């Protein structure tokens, strides 16, 4: 059973969330199986950012066992800004573990190198998720985002426990049950860093949401990149911490790395600066 171990107060520099199995930390990047049910293409999603929140919480590639920590921009806590008509992130946002957008090769669909992170996941179900949650999802489709010119695919997915899950099997079903969501998703990922002073992003395929079959193919590619990475065989692993506690055939296997993690020290959420309330009209 997966649980979380929180260090510190949310919305601070000291905040960390480790994922635990049997009450002991494992790598959120490496040790959670991509597949909950391989035969039925049910995936484990690691949730990073709940819907309608701002704090840019992410799996930290360079820290041992890859806890979720808030990103910083020049030393300051990063919060994604509200871009009208949206409030923070408009999906439960996270990643598939055991995947990598390989930065060392140009990807043919986008003609761009990978962004060096796990493939990311937009989970569209009704219940708001929590940071460090491992939930089980079905893939519905995928969008080819170029995030500051880097390949940054976004998988469209739904929690298998969602009341609608049985009715959502491919990307066209998203438009049927969530009309406007995919178009809003396109806008969101285009504009969300404009308030940070960054350019608009762009999508390949004029932002088309490719179907499930397409999505599975790309998820496979990223899993395969990760398999090379974790084996120590990437041409450049970018100083990623490859320490893991469940993959005995890898050079960086270490069951003991788990014991070295501090105990939970959960504190109440710290206040967020009122600037983060601001609604930007772009």
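Numbering follows the first chain given and starts at 1.
Taking the mean C-alpha B-factor of each stretch as recorded, 184-192 and 198-206 are not equal, and the higher mean is that of 198-206. Looking at 251-259 and 65-73 together, the entry lists the larger mean B-factor for 251-259, computed on C-alpha atoms. Across 109, 126, 117, 159, the greatest Cα temperature factor reported in the deposited entry is at 109. Taking only the listed residues 51, 220, 30, 238, the entry reports the highest CA temperature factor at 238. Annotation for residue 34: C-alpha temperature factor in the lowest third relative to the rest of the modelled chain, per the entry.
Ranked against the other modelled residues of its chain, the C-alpha B-factor of residue 105 as given in the entry falls in the highest third. Residue 44 sits in the lowest third of its chain by CA B factor, as recorded in the PDB entry.
In the PDB entry, residue 169 places in the highest third of its chain by CA B-factor. Per-chain ranking of the deposited C-alpha B factor places residue 215 in the lowest third.
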